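**Student:** After the structure tokens below, expect a handful of questions from me.
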Amino acid sequence: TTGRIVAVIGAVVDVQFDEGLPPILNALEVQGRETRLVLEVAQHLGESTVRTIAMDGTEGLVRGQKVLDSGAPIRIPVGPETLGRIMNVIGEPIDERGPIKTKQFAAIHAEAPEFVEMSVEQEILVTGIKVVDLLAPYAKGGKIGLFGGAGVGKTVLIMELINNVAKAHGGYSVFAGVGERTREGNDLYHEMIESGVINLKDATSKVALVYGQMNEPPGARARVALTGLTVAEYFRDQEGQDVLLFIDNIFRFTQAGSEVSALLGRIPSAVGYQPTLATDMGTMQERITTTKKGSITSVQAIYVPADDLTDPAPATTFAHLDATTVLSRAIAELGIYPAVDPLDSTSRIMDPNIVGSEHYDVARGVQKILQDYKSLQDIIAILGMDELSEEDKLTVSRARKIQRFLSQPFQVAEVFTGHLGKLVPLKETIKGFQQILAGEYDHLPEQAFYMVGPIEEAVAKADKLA
Amino acid sequence: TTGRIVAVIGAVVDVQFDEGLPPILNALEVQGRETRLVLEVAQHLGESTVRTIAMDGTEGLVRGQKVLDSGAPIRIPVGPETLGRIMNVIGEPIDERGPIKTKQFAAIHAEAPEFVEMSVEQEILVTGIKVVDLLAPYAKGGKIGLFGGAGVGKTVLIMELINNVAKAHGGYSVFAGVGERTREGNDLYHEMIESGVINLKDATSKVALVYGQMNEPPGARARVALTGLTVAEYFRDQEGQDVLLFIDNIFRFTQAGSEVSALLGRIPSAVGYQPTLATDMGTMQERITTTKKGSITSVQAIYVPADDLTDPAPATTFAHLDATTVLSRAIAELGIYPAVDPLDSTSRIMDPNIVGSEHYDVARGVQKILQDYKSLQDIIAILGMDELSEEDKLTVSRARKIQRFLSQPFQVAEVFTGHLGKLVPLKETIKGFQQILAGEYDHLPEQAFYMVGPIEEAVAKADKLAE
Amino acid sequence: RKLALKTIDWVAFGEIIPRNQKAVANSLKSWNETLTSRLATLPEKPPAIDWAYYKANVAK
Amino acid sequence: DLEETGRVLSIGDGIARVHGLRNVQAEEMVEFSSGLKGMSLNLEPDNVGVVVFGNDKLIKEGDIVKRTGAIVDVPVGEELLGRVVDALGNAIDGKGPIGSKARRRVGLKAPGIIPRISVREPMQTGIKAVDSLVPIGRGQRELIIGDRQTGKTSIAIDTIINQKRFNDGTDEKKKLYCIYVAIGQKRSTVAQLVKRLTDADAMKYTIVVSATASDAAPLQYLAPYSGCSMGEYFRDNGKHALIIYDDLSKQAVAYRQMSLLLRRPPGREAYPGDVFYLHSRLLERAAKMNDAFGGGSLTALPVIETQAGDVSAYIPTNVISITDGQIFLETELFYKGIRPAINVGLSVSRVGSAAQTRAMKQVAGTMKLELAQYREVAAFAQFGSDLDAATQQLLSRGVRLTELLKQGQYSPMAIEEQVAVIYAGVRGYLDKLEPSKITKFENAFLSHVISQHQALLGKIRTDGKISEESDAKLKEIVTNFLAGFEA
Amino acid sequence: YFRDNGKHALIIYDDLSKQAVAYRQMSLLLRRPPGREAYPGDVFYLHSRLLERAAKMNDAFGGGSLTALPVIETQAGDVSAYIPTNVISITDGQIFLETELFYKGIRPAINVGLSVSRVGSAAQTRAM
Amino acid sequence: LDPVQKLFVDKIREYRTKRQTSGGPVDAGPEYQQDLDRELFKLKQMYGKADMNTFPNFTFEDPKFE
Amino acid sequence: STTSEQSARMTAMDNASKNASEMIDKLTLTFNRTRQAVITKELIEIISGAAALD
């Protein structure tokens, strides 16, 4: 039926529906709007007034104006024909390759798959990035949440991975530009086209694009994630698929939530927070999975709000993580791209278990050495390491070398780097550390280890240095 | 009057009292209560509605439910019959030894006795605990804060004090295990039974146990403090006794208050603490006294939240305190037991007259040296630790000895330690330090001094160590 | 299987005046220990199957 | 029906302001038309604030809210063992229903002083460090405090697995019924976890109460209490249960939220105040009873995950103030590898000895002490580099001891073994060797003793203590083992 | 408009810090709660919404552009400062100016290291 | 299996009619058959693609230490 | 030897103390910021708790 704008305060549209008054989450389409101006019901405030959230923007809405409940959640086109396609939140192709001829629609609430239904045997998704695999190994189906500072090649990295990985992949991928720079999406577009992974004579790209960019109005950004989940479930469950799901950025989901919270007349938790950050998270998270019916290998961009992790939001998030990617600005400041800090960037699935102890141990020595080093830099910060034990000096330097050795060129961003990408299979990875660890290497320059590919390249470089 | 539960919003029971109201602070009994639900009146919200405070759990209650005002504030069993009894807030035999055949009831709002009533002089209470007396000479009747944050044998120490003291005097006790772990109260229980200082065959001890553990309505828990006070005042003056009043933990009281404060509509000020923080304390501490007709030597265990005393609450607390024991968790981390903060553990009432100058000076010198020593710390952490200048070494070591000597065995946590606790009456102590001060034992070295009672034992210990 | 048994004897190890095995014994004992632990670990037996009842609960 | 039915006055947020239901029982669990349950927290004069257990896209206003007429109880039994349940006591293991068809009130308050008897039993985990240095007893409460997946959980798990041998004992002194509260823990994690237990099949004596990440907030909230009732059950049946609350931290968050939704104010740390009461009361219910109650126990391992080691994190502060000690886990050692990663200089069982076996006491007292200096000798005359043999020994020894307590991820053990190996180092017998070989040795030593000195093991276990003879048995054995390690 | 009208227009937004502030003020006066940096959050939406409107268009739009030179004025270079983060994550690089050199005189004084154009990776003259 | 007789009579009656048919227990339905075949695949992955109608067998070895 | 040393120590003390100086500076930011942060959070808590008292 129809409702009246009784109050518009931003995208919180207070609608008095009397005529019906459907449940919450019923999508309403506003009468008097050329736009498919969805408000999705948020509260039944009573008085058969609901608080709705326009997903969309508003304006030009004379109050009282008639809104006709569309009566259900966002139902959105589904089917494989979404691959390639960039659809907006409301599922309309914003690839604008005409429309999409769906198969069905889906309510963009999708739920938690069952505990009993899960198959849950984490297996490394390898990446060929030394630093990654080794330190922050990724698991097939895994949810990796990419904490990372702004612009730190955070995006770059994810992309870079996407190339490396999504190519190799056999399952599909979904790219959800949530709240993303449209621009970056443009850019993205063009690589994808270019790459032909989005091959456009293929709505059967390996990747479906859903974009609900930065520009959207909040609601749209808030909800678009849920949408994305719904899609991927389509591909997994329905189409089998191991999805790689790129989310840039779940933070904006969060953001959106909090932003509305106020307007949702809430007591908005700390910092203004949506307290329903939590519920949101759960409710999302549980949709996220890697069922028996496949994988949503979940690449979740997580902007680290104010790069505070301490920040409840990430704090919560961690619980849901399985692989954590912390890009570390400090490191970034050390110039390094890779900029990760793996004492932070950790993966539940990083285990002597899941990824070998070699990895673990070689790492444990590393993690250790670094950990110690980390301890040291500060005393050293004053003292230098000067009157401080040489073995330490060695080790420190080694730790660092190892650090440097982790620095790895970007093939994608050869423009950016200058440097020409490197990708290193595991063995040479192991080898590398084991060697450096062997001190075998160490008679060498630190910077030799910089921006290497395999250790050879460091060797090569050593010569090239000295 | 009669009330209706008009709102139960959590355990905040707003009662609309129907037949009028009862005055403020009236204890109300809910009609339809298997375990009478004492409500403490807090505001007459108006409309013959009061905001009341549940002093029980509010489960099962029908809204509207009928309340009959007890016509007074909380009135509680009082009488000698409380000796060797565990009473709850409402006096109840939570000894579980049948009802207390108390011979008096009292409204637990006891108030501030008058200015004039206060014994203007006290005499240092000697604890025989070297450190204690030495730095914070306690006065009989004094208000002692045991600041100390958590766990550090704190309670153990406290208990031990009780051993040392309460036994040793005709001084009576009130122990209020408020908010404490029911478990620890249990443990504690057994100790008294065991000690026979809770001797039950003659029910009497000399001791009231008042317990208001961390599973009780905060207001109630808050009020268990008043309860004990009310009782003790009775013993203090009326029974004439120096009652020793153990409160564990007045912080939690405050806290209990704060938790409710919100709910009480008071905006619980900074750090969350109730805005009434001042009044709560003020009235309480001012309710507390050692008058002329008796003493409540008041030993208040004070948890130091986060070891932050600058935490407004402790900060306030301090005002009331006249002897402070600030136990230093760092020192505790330095392993000690004496774990105390010493250069903070004071009594403003240390005197060259009253503690005599000897004591006084010794303390001051000592305090000084420790303070000095502290200064030396600044060199050493990064610049040497069996290493730099030497005169300072001399002091360093001396301080260090002093430290060790300051350490004294725990006397029940011998169970844990195997160290038999020790105690040193004052002169041997003062002297003790003077000898050390006299730098006598310099041929002698440190660890011999550790964890001793009198110095000989250290001398002895040296010998054992020369092997 | 089932297999019987001789204890360590370090005196033995060193001596082997068949020189071509001198190293081997030191290593070979340690290979042994691999078996020693491994055998001590496992039991001999699983259970078996009550096919009658499982036939009741398998329609095939 | 009537009256004690309501029409949903307003709904949003699973917070049903409910018109009607007025003569309602405080904290009555109510029942939805949807069949969802809710809880009547706030009886406001003109509505009932009802937390809806489920979620409200599934409902709408004016809807009949019917009382259930029950203040929460949860099914109780012990047919929870071998079960993963939700708070309402329903399969989520999805293994058909549970056999726990008794129900028992959650809101049942903690007993008195008198129905308790304090500890004097140890409680064992197989974790050397734990059992030794913060030796724990049963009925207790102790904080597992640490950050994330440090095998965050692992700690509990291995302990539980360890209890397997005890559950393979036929005791009820060590035969320990394990209760795992999962708060906020995504199903996946949980799944793994379940699986872990399954694999270990320690699950058979185990309830796993699971409020994963999912769950509408009260659900996670409730779960502990639930677990609690369920645990009190054993406790009163003389049975010794161990409940792990993992973690209230997440709960609190939710709860605050719950409060906030109750339009109650964010208290300290934006957390409301009687979340203290909340847990405090919750936690008071963990106990070691006296004999009248079968002596039973509910041993509590609450877990709190600090965020950035923040303990002044209000609730941690609280919990600490509750705790009978805390098991502090540090990262560093972890990063160093070293698991234990603990700072025992920050981990405590105040208790110490009630919680012990004489056996353990015999090495551990000394060791603790020794470690104390050892750790200490990192700080006086060292911040990181210097030399002298006396003390070097202490270090060496210490380092060894470190290993010796160093007990990697996954490790259920039995105490005498632990003592056994510990004894070797304590009694200075391997000091020599490098850490690397310790472990190896330890293992080796273990099959050796296991086999051979099974005799001996029999004894030590038996004596609860190592007799001097058994010691001697060690002395030669160890020496020889070492020798064998060569020789 | 210019952008749609093929023009490459340059807008220098000078500087949003004050705006954000202003807005914050507005918010607060609107008695809308904040969080971070005492700001609320949709100053982020603000900025995003603002800046997405800066773009380089295809031909259909005359190829036009609106090139944005936003200015954000740091105050004591707090990258850390959220709002700066905001914009940073929005922008396509940043020109951090370091004071000291300026202060030394050094006209100009850039923090070169930070002065970056991420999306800049090719966008100037072969010559250069 | 069975409760409320007033509905139940008819409802249960229809269920038995199912069993009393052998063009399926009254019918089957494509939808089920599609999922069955899928789910059948997956659980073979769950416990490996050997066929446990047969059991394993092993092989044997030795070497000389010295 | 000693001469060399003494100047080196002298030198050593020079660098360090400068080093010290910058670090202080860095902290000082962190300071205020957090300093305010407190306040802020707290003010938040006030305002909120004053918009949400019983």
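We're sticking with Swiss-Prot numbering for chain A, so the shown stretch reads 59-524, in order.
Each residue, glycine too, has its Cβ placed from N, Cα and C.
Summarising the annotation, Swiss-Prot assigns ADP binding site to A:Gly209, A:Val210, A:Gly211, A:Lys212, A:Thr213, A:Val214 and lists experimental evidence as the type of evidence. Look at Swiss-Prot and you will find A:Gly209, A:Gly211, A:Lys212, A:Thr213, A:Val214, A:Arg239 tagged as ATP binding site. According to Swiss-Prot, the feature phosphate binding site maps to A:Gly209, A:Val210, A:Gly211, A:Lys212, A:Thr213, an assignment based on experimental evidence. Annotated Mg(2+) 1 binding site per Swiss-Prot: A:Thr213, in sequence order, evidence recorded as experimental evidence. If you look up Swiss-Prot, you'll see A:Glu238 marked as Mg(2+) 2 binding site. The O-linked glycosylation site annotation in Swiss-Prot covers A:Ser106. Annotation source Swiss-Prot lists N6-succinyllysine at A:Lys124, A:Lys161, A:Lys259, A:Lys264 (among others). The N6-acetyllysine feature in Swiss-Prot is assigned to A:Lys124, A:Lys198, A:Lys259, A:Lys264, A:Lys426, A:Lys485 (among others); the stated evidence is similarity to another entry. Residues or ranges marked as phosphoserine by Swiss-Prot on the basis of similarity to another entry: A:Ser415, A:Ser433.
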**Student:** Could you work out which of the recorded positions (A:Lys124, A:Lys212, A:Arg239, A:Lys264, A:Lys426) has its C-beta surrounded by the smallest number of other C-beta atoms within 10 A?
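**Tutor:** With the recorded positions A:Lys124, A:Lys212, A:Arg239, A:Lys264, A:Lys426, fewest surrounding Cβ atoms within 10 Å: A:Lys124.
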**Student:** Secondary structure at A:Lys124 (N6-succinyllysine) (DSSP, helix/strand/coil)?
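**Tutor:** Looking at the DSSP assignment, A:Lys124 (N6-succinyllysine) belongs to a strand.
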**Student:** Translate the DSSP assignment of A:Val214 (ADP binding site) into the three-state scheme.
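**Tutor:** Where A:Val214 (ADP binding site) sits, the three-state DSSP reduction gives helix.
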**Student:** For chain D, which of the recorded positions A:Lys124, A:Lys161, A:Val210, A:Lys426 fall under 8 Å by Cβ?
**Tutor:** A:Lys426
**Student:** Does DSSP give A:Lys485 (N6-acetyllysine) helix, strand or coil?
**Tutor:** helix
**Student:** Which Cβ among the recorded positions (A:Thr213, A:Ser415) has the fewest C-beta neighbours inside 10 Å?
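**Tutor:** Candidates: the recorded positions A:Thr213, A:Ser415. Fewest Cβ atoms within 10 Å: A:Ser415.
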**Student:** Quick one: give me the count of other CB atoms within 10 A of the CB of A:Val214 (ADP binding site).
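**Tutor:** Summing over all protein chains shown, A:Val214 (ADP binding site) has 20 other Cβ atoms within 10 Å.
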**Student:** Radius 10 Å, atoms counted are CB only; among the modified residues A:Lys161, A:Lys198, A:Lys259, which position scores highest?
**Tutor:** A:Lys198
**Student:** Could you state the CA-to-CA distance between A:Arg239 (ATP binding site) and A:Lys259 (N6-succinyllysine) to the nearest Å?
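**Tutor:** Between the Cα atoms of A:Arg239 (ATP binding site) and A:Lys259 (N6-succinyllysine), the distance comes to 26 Å.
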**Student:** If I take the alpha carbons of A:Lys212 (ADP binding site) and A:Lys124 (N6-succinyllysine), what is the distance between them in whole Å?
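**Tutor:** About 44 Å separate the Cα atoms of these two residues.
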**Student:** With A:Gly211 (ADP binding site) as the reference Cα, tell me which of the modified residues A:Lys124, A:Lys161, A:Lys259, A:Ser415, A:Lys426 is the closest one.
**Tutor:** A:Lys426
**Student:** So how many other Cβ atoms are close to A:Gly211 (ADP binding site), meaning within 10 Å of its Cβ?
**Tutor:** 23
**Student:** Please report the three-state DSSP label of A:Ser415 (phosphoserine).
**Tutor:** helix
**Student:** Return only the integer: C-alpha distance in Å from A:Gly209 (ADP binding site) to A:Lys264 (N6-succinyllysine).
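**Tutor:** About 26 Å separate the Cα atoms of these two residues.
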**Student:** Count, for each of the recorded positions A:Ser106, A:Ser433, the other C-beta atoms lying within 10 angstroms of its own C-beta, and report the residue with the smallest count.
**Tutor:** A:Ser433
**Student:** Look at each of the recorded positions, A:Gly209, A:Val210, A:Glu238, A:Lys485, and point out the one with the fewest other Cβ atoms around it within 10 Å.
**Tutor:** A:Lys485
**Student:** Cα-Cα, whole number of Å: A:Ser415 (phosphoserine) versus A:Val214 (ADP binding site)?
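**Tutor:** Per the Cα atoms, A:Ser415 (phosphoserine) and A:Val214 (ADP binding site) stand 30 Å apart.
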